[PDB]
Amino acid sequence: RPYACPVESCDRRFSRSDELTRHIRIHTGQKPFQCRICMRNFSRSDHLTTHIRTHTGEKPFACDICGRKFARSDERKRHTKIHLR
DNA sequence: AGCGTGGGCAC
DNA sequence: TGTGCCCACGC
Ligand SMILES: [Zn+2]
Ligand SMILES: [Zn+2]
Ligand SMILES: [Zn+2]
């Protein structure tokens with residue numbers, strides 16, 4: 001863990017430098033990815049893709065047990081466990 | 001539930 | 001560097 005966050009108040013450390021560059025945006029407040037539907041800005045392209053699904057209703061992830069659909073795989077992952085008991 | 005959003009990391 | 005998942009936490 002060689003790459004430490006330069007911001008004094010921040011004591012985060014990272015493996016690869018590209019991680020520090022992404023992380024540094026939490027301090028600069030930079031959000032280079034905009035949703036052309038609601039005009040909101042996001043820090044990351046992947047979070048914008050999933051955000052947009054809230055507008056379109058696209059839900060590519062279906063539960064293997066009941067078939068319920070989700071916009072994100074983690075929502076599906078969190079849901080699937082309700083079938084156990 | 002709905003979903004923002006940082007961290008780890010593959011390609 | 002850029003793109004894009006998984007993973008996990010938070011409200
Ligand atoms: Zn920092
Ligand atoms: Zn939007
Ligand atoms: Zn289910």
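Counting starts at 1 for both ligands and their atoms, in listed order. So that the names make sense, note that chain A is the first sequence line, chain B the second, and so on, each numbered from 1. The analysis underlying the following values was restricted to heavy atoms, covering all of them including side chains, and did not include hydrogens, waters or symmetry mates.
- Crowding of A:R44 atom CZ: a count of heavy atoms from other residues, nucleotides or ligands under 6.0 Å exceeding 12.
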Next on the checklist: Between A:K31 and A:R40, does the side chain to side chain contact (heavy atoms under 4.5 Å, CB included) criterion hold? Intermediate values first, please.
Outcome noted: CA-CA 9 Å; A:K31 298 188 193 309; A:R40 183 176 175 156; over 6 Å; no
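- Take the Zn ion (ligand 1) as the corner point: the lines to SG of A:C5 and to SG of A:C10 open at 110°, to the nearest 10 degrees.
- Cluster annotation: A:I52 and A:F42 are assigned to the same hydrophobic cluster (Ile/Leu/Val/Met/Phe/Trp/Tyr, side-chain heavy-atom contacts under 4.5 Å, transitive).
- Between SG of A:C38 and NE2 of A:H51, the angle at the Zn ion (ligand 2) works out to 110°, rounded to 10 degrees.
- Taking the Zn ion (ligand 1) as the corner point, the angle from A:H23 atom NE2 to A:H27 atom NE2 is about 110° (rounded to 10 degrees).
- No side-chain heavy atom of A:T80 sits less than 4.5 Å from a side-chain heavy atom of A:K77.
- Put simply, A:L48 and A:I37 are part of the same group of oily side chains (I, L, V, M, F, W, Y) that touch within less than 4.5 Å, one to the next.
- Rounding to 10 degrees gives 110° for the angle at the Zn ion (ligand 3) between NE2 of A:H79 and NE2 of A:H83.
- Checked against the Zn ion (ligand 2), the N, O or S atom of A:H55 at the shortest distance is NE2.
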